[PDB]
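To start, the structure itself, in structure tokens.
Numbered from 1 within each chain, the chains take letters A, B, ... in sequence-line order.
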Protein chains: 2
Amino acid sequence: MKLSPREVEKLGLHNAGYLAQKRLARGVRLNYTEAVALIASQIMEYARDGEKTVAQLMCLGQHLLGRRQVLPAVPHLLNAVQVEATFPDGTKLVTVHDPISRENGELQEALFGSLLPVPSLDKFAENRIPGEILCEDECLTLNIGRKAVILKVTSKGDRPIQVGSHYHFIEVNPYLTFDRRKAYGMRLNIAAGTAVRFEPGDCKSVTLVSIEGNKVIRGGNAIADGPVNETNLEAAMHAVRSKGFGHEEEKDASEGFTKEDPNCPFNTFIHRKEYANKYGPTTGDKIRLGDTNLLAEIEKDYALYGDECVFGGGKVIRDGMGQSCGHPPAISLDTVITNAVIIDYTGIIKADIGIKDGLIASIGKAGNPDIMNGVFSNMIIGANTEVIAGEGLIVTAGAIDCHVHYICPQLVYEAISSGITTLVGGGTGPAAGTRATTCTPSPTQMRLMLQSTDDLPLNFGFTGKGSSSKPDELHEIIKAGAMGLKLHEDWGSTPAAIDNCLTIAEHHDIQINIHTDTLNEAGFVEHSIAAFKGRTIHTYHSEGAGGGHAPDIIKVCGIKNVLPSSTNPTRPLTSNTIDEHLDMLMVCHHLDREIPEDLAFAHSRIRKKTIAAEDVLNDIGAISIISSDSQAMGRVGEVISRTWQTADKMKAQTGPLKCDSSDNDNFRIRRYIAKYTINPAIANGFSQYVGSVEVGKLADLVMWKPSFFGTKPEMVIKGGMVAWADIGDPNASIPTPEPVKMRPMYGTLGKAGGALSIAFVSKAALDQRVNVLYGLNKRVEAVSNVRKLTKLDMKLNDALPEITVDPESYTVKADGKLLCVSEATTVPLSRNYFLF
Amino acid sequence: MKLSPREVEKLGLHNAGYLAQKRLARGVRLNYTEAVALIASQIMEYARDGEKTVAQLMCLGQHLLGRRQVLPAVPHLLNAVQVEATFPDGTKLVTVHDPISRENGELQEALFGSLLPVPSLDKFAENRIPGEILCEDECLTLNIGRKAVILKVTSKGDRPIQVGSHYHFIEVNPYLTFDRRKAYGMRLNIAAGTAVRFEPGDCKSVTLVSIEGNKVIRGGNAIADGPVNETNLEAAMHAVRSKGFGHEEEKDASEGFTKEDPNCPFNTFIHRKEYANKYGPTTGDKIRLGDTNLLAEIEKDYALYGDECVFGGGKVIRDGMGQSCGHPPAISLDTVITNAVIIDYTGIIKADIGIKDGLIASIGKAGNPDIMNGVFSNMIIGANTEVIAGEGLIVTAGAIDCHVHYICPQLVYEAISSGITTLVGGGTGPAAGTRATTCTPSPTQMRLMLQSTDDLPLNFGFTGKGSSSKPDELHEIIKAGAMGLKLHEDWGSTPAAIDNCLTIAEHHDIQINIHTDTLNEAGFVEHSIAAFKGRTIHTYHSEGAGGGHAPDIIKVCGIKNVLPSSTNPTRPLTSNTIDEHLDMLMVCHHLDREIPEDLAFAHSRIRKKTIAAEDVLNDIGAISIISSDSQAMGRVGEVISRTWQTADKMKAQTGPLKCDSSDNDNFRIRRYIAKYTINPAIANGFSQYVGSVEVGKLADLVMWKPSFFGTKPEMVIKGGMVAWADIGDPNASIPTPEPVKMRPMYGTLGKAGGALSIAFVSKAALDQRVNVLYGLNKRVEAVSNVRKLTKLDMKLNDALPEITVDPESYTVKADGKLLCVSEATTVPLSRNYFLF
Ligand code: NI
Ligand code: NI
Ligand code: NI
Ligand code: NI
């Protein structure tokens with residue numbers, strides 16, 4: 001066949017289309033993903049037939065699926081479908097604009113080439129706008145507090161001339177005629193990144209405003225190079241005359257100032273709706289998170305309206321304009337993320353993000369101090385600065401999953417593609433020990449796992465086997481590179497082992513993670529708590545379905561020296577949770593339903609009442625961390641989604657939190673994002689490096705469309721370089737035609753991944769330079785400051801309720817009050833998004 | 001399921017087959033690729049059913065598709081289909097020979113297992129032979145100018161004896177009896193690589209000719225080891241007697257000489273058709289390039305007829321025969337490519353290619369100087385020499401794409417699989433800046449991109465952001481590793497930036513690439529030209545759809561100091577070009593068709609008249625380079641195909657060029673291949689390393705079947721080692737059974753890719769040993785000699801017409817003459833080859 005990579009890929013796309021066609025044929029209302037697959041595949045198939053033009057297929061594509069054949073959200077989510085195919089005249093791109101335009105599609109066309117029977121329209125049996133922006137109906141004034149002038153501008157050219165918002169107006173094409181003197185030090189008072197067009201012979205009046213900051217003109221035609229002053233004005237006018245740039249005095253041109261005044265003729269206004277469309281939302285605006293019920297309100301914005309950094313043709317980030325000429329090369333940002341909505345435990349804000357040497361260098365207003373006010377010296381865009389366009393998007397910290405079983409490499413790819421940039425756990429591959437426990441037991445394996453993962457663009461921490469009553473071997477795995485230890489009942493979680501392991505932790509400044517004695521073999525939960533002896537410990541899957549003292553391990557959530565986490569599969573309590581978990585446990589542990597003792601054990605471990613309590617305890621901040629339990633009892637690609645599904649369920653069933661305002665869900669949002677960002681970093685002792693969008697930390701950052709927030713990110717940035725991202729057909733004319741998949745980027749090739757990341761180890765390991773011993777390219781840093789932590793150090797998740805669990809009925813109470821929530825029948829961040 | 005890799009692969013093959021079956025079921029005439037998929041899948045399916053033998057399926061496979069169910073070219077292209085499947089008696093290989101043997105196929109069998117309705121034969125509605133060889137009807141004489149003898153040879157053996165063309169005849173199996181004395185220093189006068197068979201008791205007369213060159217006998221039975229002379233003859237005859245090798249004097253055996261004489265009984269002849277079948281074509285023969293209208297004539301051949309280097313059982317490249325024993329080990333070739341048709345800007349020739357230390361060591365006649373005439377000391381095949389079989393194939397230089405946006409890694413794989421071995425451009429991954437511009441802005445990113453790509457078997461050059469009015473930052477990106485700079489309107493392409501960037505280039509000996517001011521914001525095209533100040537500059541997408549002064553950027557093609565390139569999507573003007581491009585632009589730039597100014601801009605940039613002119617300007621050599629614009633506005637896998645589609649269109653609409661002869665298209669072919677080989681290398685300053693099939697340069701070479709020339713190569717050789725190649729089922733008994741895909745080879749594993757390639761940097765970067773600083777394994781070399789270049793230095797593309805563009809109508813003229821060509825409704829190198 002001699003198949004090229006693109007032919008293999010397009011076959012995959014066609015297969016997805018055919019799946020969507022079969023589903024359509026039985027009356028399934030297609031989701032966004034299925035709709036894209038079907039429409040793109042159909043365009044390819046009509047191209048193969050060779051009877052239809054690109055123009056014809058732009059039209060035909062709008063007739064395939066109607067509103068009745070797709071889910072309610074699809075007409076909102078689906079703005080366009082793009083694909084390239086081999087026409088009789090070669091490869092061409094087709095864009096189908098707004099494809100869901102009718103009530104019912106022409107289903108013979110939707111099923112063309114499939115040989116499937118066309119279903120009657122009555123087969124499709126009978127709302128929320130994902131990622132919607134809410135704003136007040138009001139306009140905003142641009143460029144306030146500046147000198148202004150209105151000038152008549154005439155084109156004497158025979159070809160069109162277009163001038164951008166931040167172009168120095170005296171520097172324009174000599175075939176424009178106007179008062180060049182009055183234009184000196186001025187620029188167009190129009191929305192940032194827009195332009196004014198002059199056709200040959202056109203006269204148009206334009207409003208100009210003064211440049212600000214240092215007021216220095218650079219670039220263009222070098223007519224008026226230098227600081228704005230009287231001497232340089234006269235020099236500029238001499239150059240205008242000598243070089244024949246169009247100039248005519250306009251003595252009576254209106255002059256004034258811009259201000260907060262709806263009636264000022266010098267002002268330019270923009271409605272909040274259009275502002276949000278161009279730059280993303282601003283202060284007071286609200287954003288729906290994915291298809292959840294959660295609304296995030298912008299708390300503050302660093303932008304000065306009119307000076308937004310937007311990159312593109314005729315736009316702001318250009319030489320001498322938004323791109324600075326007046327600064328030392330060494331202080332140029334490496335990359336700027338422009339116009340980001342930042343969602344972080346520290347706040348929900350609007351800002352530019354500066355990246356330098358792989359670190360978050362600055363958060364605030366970026367640009368050029370020579371023409372803009374409010375640009376600090378650490379936010380300068382230079383010639384040597386890359387641009388990532390954040391407008392309309394949400395940026396968060398990379399997620400940190402701190403309950404990883406390293407069972408296979410493929411879970412790493414699933415993790416990063418979901419928005420996780422740090423993994424903490426243990427394992428050696430799919431050995432029984434690892435399939436059961438987060439343990440890398442041997443120094444040999446510690447070396448090999450650090451070497452194995454050295455080129456992967458994630459930060460890694462490996463934990464050894466802490467289940468020993470003697471310190472001797474624990475010292476060895478720690479000096480070999482372990483940054484923590486796991487106590488697991490499968491290796492013995494006895495009071496003797498617990499005490500020894502914690503004594504080791506006190507010496508080594510590492511965190512201990514525990515899966516307790518489910519069997520109550522050596523003691524009940526109170527006896528394990530006693531063995532902690534008030535020392536800091538991280539309790540894994542604190543609810544207990546994932547393991548622990550039956551039935552009351554969840555009591556640890558009220559213990560001050562405990563840092564409690566949840567694993568994912570129980571998040572949140574839904575219709576299928578109990579049936580799924582009970583069978584999973586009995587299959588995994590080879591338990592027989594016919595044997596009374598086996599069933600008794602299973603029922604003692606899988607409990608509706610404690611899982612329901614876990615929903616509430618997460619919501620009130622009594623559980624501090626959410627994690628996967630990857631391929632042992634949890635799902636690596638669902639750390640983020642399960643967190644937001646829990647928050648959504650709790651809002652639906654209890655309303656806003658005590659500390660939330662009436663207008664938004666900001667407090668709940670900040671509390672929940674802390675669970676998979678900052679708190680895993682604090683618990684494990686590397687919070688100075690990662691875990692939040694804050695200056696000085698690694699630029700591990702994830703870009704989200706609001707409509708896909710919490711499910712499928714756009715782009716994963718690791719140490720300031722794109723590591724993974726959505727990209728379409730590699731042969732295509734543009735990056736967006738189908739099939740669009742999450743794919744590894746340049747941060748995954750060669751040794752680039754190591755340059756962008758950190759392997760976290762113990763101080764003991766770093767003291768012996770384990771990176772040198774093992775020949776690692778990845779930076780290594782020691783974990784620290786984990787032995788004086790309490791629940792109070794868990795950001796926004798510091799609650800310590802007195803927890804009681806009835807030993808017979810399993811009823812859970814917090815401070816004497818019943819902790820109960822109903823099962824949810826549905827969750828968001830699911831059916832709208834996934835192909836399977 | 002426990003799926004092995006081959007099971008996953010065969011599922012993919014089956015899916016391709018089912019796609020072909022659905023298409024067949026609606027009456028589609030299948031292309032080559034679809035036909036292979038269907039036939040192979042059907043053989044697998046009948047194997048699964050377990051009722052048919054291998055022998056039965058060899059027959060059944062010939063009945064599936066008739067001539068009416070496939071495209072006209074398919075019976076020509078499809079010589080065999082091979083696949084392996086699990087029969088009841090295990091894995092077996094089936095080869096279906098000449099599968100399109102009937103007018104109509106047995107379509108129930110073609111659709112067996114699919115459950116699809118069988119279409120009536122009237123559903124298939126109603127020529128060029130791709131890659132055909134044309135030759136004169138005449139024979140060629142082998143081995144002329146040699147002593148000859150005819151000897152009776154009798155077998156006294158009880159088992160068969162077969163003797164190859166270049167075996168020293170006195171050294172044959174002692175159970176052959178003949179005149180051993182008259183056989184001394186002789187070999188069979190038969191086509192190179194053929195053999196004569198002797199069954200037990202057979203007597204056959206054979207014609208022998210003298211060995212030539214140094215006339216030294218080596219190997220065999222060591223009967224007659226040494227130079228051919230009287231002393232060694234007597235020694236040989238003593239050995240014949242002592243060891244009992246069959247000998248009988250034939251006193252009256254006819255003796256003479258070979259010569260140019262059709263009546264000489266000592267001569268052996270071969271028809272040009274059979275010669276071409278065995279060795280590829282020779283001088284005067286013609287080859288159709290793919291399914292295009294272009295005919296390449298062999299201009300000269302280095303072969304001496306009869307001494308062709310062919311490798312295989314009983315063939316020429318064997319110890320003491322075509323494989324030399326008389327030379328120092330150090331001068332053995334590493335690899336020989338045998339019997340190649342070389343297509344290069346320097347000429348269309350037939351030769352062997354010698355490779356040593358990853359370089360093209362020699363081009364000419366290879367072999368063994370001890371038995372062949374005309375073998376120079378740099379073309380010796382030794383024991384330590386690998387063989388690549390070039391007979392019947394075309395070899396070209398690896399393509400060089402010098403307009404690459406490094407948006408994702410996957411475009412690199414698409415590029416090499418299409419026949420590209422050098423990439424030049426800029427980027428950091430899918431950041432907005434890179435999606436828009438060929439720029440790697442930060443020294444941090446320059447380091448990371450060089451490190452990221454270090455193990456990939458392509459040569460790379462990275463360009464920084466040249467859009468600055470000050471030199472300071474430009475110096476820094478250059479010393480960091482940039483081998484060029486891009487001026488782009490999105491960062492500002494103002495006269496001030498242009499002038500500064502060029503001054504920097506004059507100092508650093510690097511090339512400047514420019515995307516000009518489309519908006520005419522700072523000036524019209526003449527003002528940008530003025531800013532060049534006569535200095536060398538590379539104009540990207542010179543026609544302007546990809547960007548530039550509206551509407552007349554194309555004027556640069558007549559400027560002496562401009563080196564102009566085209567990007568691909570406009571190549572050539574076809575029925576769908578304008579509709580496709582207009583919508584692409586408006587989608588990408590968020591332009592509204594309802595807004596008059598937006599539509600006016602779009603129409604000013606996408607112009608039928610200038611794209612038509614671009615066809616003609618390429619044909620007359622006024623545009624010198626073709627490039628991709630990968631994923632920004634062009635297609636990385638179509639640099640080569642779009643070049644040949646342009647040439648084909650222009651031949652169809654204007655006939656042969658002025659400088660072309662009446663009998664072939666050699667001049668046009670050489671002009672066009674220069675556009676993606678030598679000229680990108682000259683423009684960017686690394687032409688001493690790559691860009692043509694010439695001695696001393698890197699052995700970056702691509703092997704093509706003539707029938708697939710310009711679309712899908714067989715094999716991509718990087719620095720003398722196979723990097724990518726067509727390979728079938730990895731579990732199969734042979735390399736050819738389905739699915740055959742372009743796959744990465746050993747040149748892509750470990751650090752092999754770096755050993756085979758070069759990262760091109762500036763002299764400034766090399767002066768500081770950036771390869772050492774960055775820990776690169778790939779060789780680094782400095783670009784040079786780019787600041788004194790003019791259009792006259794662009795090989796076979798040095799035309800400087802005076803170009804005018806009407807500002808109102810967009811009419812383009814060259815030297816006062818209209819430049820117009822019609823739209824093409826179809827292109828070659830498309831529908832015959834691609835699955836989608
Ligand atoms: Ni556990
Ligand atoms: Ni676990
Ligand atoms: Ni461009
Ligand atoms: Ni480009």
Might you point out which heavy atoms bring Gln631(B) and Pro730(A) nearest each other, and give the distance in Å?
NE2-CA, 3.6 Å
Okay, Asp583(B) and chain A: the region with an atom under 4.5 Å from a heavy atom over there is side chain
With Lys2(A), which residues qualify under salt bridge (charged side-chain N to carboxylate O under 4.0 Å, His left out), at least two apart?
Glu714(B), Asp726(B)
Only pairs of heavy atoms separated by less than 4.5 Å count here; which of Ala85(A), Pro328(A), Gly113(A) has the most with chain B?
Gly113(A)
Whatever's closer than 4.5 Å to a heavy atom in chain A on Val81(B) counts as neither
Of all heavy-atom pairs linking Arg635(B) and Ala732(A), the shortest is CG-C, 4.2 Å
Specify which of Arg642(B), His589(B), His405(B) makes the most heavy-atom pairs with chain A at under 4.5 Å.
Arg642(B)
Kindly determine whether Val587(B) and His97(A) satisfy side-chain contact (heavy atoms from CB on, under 4.5 Å), including the steps that lead there.
CA-CA 9 Å; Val587(B) 178; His97(A) 298 239; 3.4 Å; yes
Checking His168(A) against chain B: side chain, backbone, both or neither under 4.5 Å from a heavy atom?
neither
Looking only at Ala55(A), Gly90(A), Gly312(A), the option with the highest number of non-hydrogen pairs under 4.5 Å against chain B is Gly312(A)
Side chain / backbone / both / neither for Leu13(A) at chain B, heavy atoms under 4.5 Å
neither
Please look at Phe311(A) and chain B and tell me whether the side chain, the backbone, both or neither of the residue comes under 4.5 angstrom of a heavy atom of that chain.
side chain
Measuring heavy-atom distances to chain B, does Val94(A) have an atom under 4.5 Å in its side chain, in its backbone, in both, or in neither?
neither
Segment of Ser324(A) engaging chain B (4.5 angstrom heavy-atom cut-off):
backbone
At what distance, to the nearest 0.5 angstrom, does CG of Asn576(B) lie from CG of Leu93(A)?
11.0 Å
Between the side chains of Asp319(A) and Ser469(B), does any donor sit under 3.5 Å from an acceptor?
yes
Segment of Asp455(B) engaging chain A (4.5 angstrom heavy-atom cut-off):
side chain
Scanning both residues in full, the closest heavy-atom pair of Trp491(B) with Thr385(A) reads CH2-O, 3.8 Å
Contacting region of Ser628(B) [heavy-atom separation from chain A under 4.5 Å]
neither
Chain A contact via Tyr406(B) - side chain, backbone, both or neither, heavy atoms under 4.5 Å
both
Tell me, for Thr437(B) versus chain A, whether the close heavy atoms (under 4.5 Å) come from the side chain, the backbone, both or neither.
side chain
Segment of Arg447(B) engaging chain A (4.5 angstrom heavy-atom cut-off)
neither
Taking NZ, NE, NH1 and NH2 as the nitrogens, is one of them in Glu7(A) or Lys712(B) under 4.0 Å from a carboxylate oxygen of the other?
yes
Taking all non-hydrogen atoms of both residues into account, name the closest pair between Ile734(A) and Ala632(B) and its distance.
CG2-O, 3.7 Å
For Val28(B), which atoms come within 4.5 Å of any heavy atom of chain A: side chain, backbone, both, or neither?
side chain
Honestly, the part of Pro744(A) sitting under 4.5 Å from a heavy atom of chain B is both
Is the shortest side-chain N to carboxylate O distance from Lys465(B) to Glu386(A) below 4.0 Å?
no
Contact class of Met703(A) relative to chain B, heavy atoms under 4.5 angstrom
neither
Name the atoms and distances for all side-chain donor-acceptor pairs under 3.5 Å in residues 826-836 of chain B, with sequence neighbours left out.
{"residue": "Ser830(B)", "atom": "OG", "partner": "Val827(B)", "partner atom": "O", "Å": "2.8"}
{"residue": "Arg831(B)", "atom": "NH1", "partner": "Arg48(A)", "partner atom": "O", "Å": "2.6"}
{"residue": "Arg831(B)", "atom": "NH2", "partner": "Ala47(A)", "partner atom": "O", "Å": "2.6"}
{"residue": "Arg831(B)", "atom": "NH2", "partner": "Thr86(A)", "partner atom": "O", "Å": "2.9"}
{"residue": "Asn832(B)", "atom": "ND2", "partner": "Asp291(B)", "partner atom": "OD2", "Å": "2.9"}
{"residue": "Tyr833(B)", "atom": "OH", "partner": "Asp291(B)", "partner atom": "N", "Å": "3.3"}
{"residue": "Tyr833(B)", "atom": "OH", "partner": "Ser707(B)", "partner atom": "O", "Å": "2.7"}

Given heavy-atom pairs under 4.5 angstrom as the criterion, report whether the side chain, backbone, both or neither of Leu11(A) touches chain B.
both
Under a plain distance cut-off of 3.5 Å, with no hydrogens placed, do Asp89(A) and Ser575(B) share a side-chain donor-acceptor pair?
no
Nearest atoms (heavy-atom pairs only) where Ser467(B) meets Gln323(A):
O-NE2, 2.9 Å
Relative to chain A, which segment of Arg743(B) carries a heavy atom at a distance below 4.5 Å: side chain, backbone, both, or neither?
neither
Side chain, backbone, both or neither: which part of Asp552(B) has an atom under 4.5 Å from a heavy atom of chain A?
side chain
Stepwise, does the side-chain contact (heavy atoms from CB on, under 4.5 Å) test hold for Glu808(B) with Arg159(A)?
CA-CA 8 Å; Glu808(B) 277 197 348; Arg159(A) 290 152 288 174; over 6 Å; no
Nearest-0.5 Å distance that lies between atom OG1 in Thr91(A) and atom CD in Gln645(B):
7.5 Å
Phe524(B) vs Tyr175(A) aromatic rings, parallel, tilted or perpendicular, using cut-offs 30° and 60°?
tilted
Can you tell me which portion of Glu638(B) sits under 4.5 Å from chain A's heavy atoms? Options are side chain, backbone, both or neither.
both
Under 4.5 Å from any heavy atom of chain A, what part of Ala600(B) do you find: side chain, backbone, both or neither?
both
The interface call for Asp49(A) against chain B, heavy-atom contacts under 4.5 Å, is both
Contact class of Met721(A) relative to chain B, heavy atoms under 4.5 angstrom
side chain
Side chain, backbone, both or neither: which part of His549(B) has a non-hydrogen atom closer than 4.5 Å to chain A?
neither
When the 4.5 angstrom heavy-atom criterion is applied to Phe198(A) and chain B, the contacting part is neither
Please lay out, stage by stage, how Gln445(B) and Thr335(A) fare under the test side-chain contact (heavy atoms from CB on, under 4.5 Å).
CA-CA 9 Å; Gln445(B) 291 139 15; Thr335(A) 303; 3.0 Å; yes
If you round to the nearest 0.5 Å, how far is CG of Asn384(A) from CD of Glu473(B)?
4.5 Å
In terms of heavy-atom proximity below 4.5 Å to chain A, should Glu738(B) be classed as side chain, backbone, both, or neither?
side chain
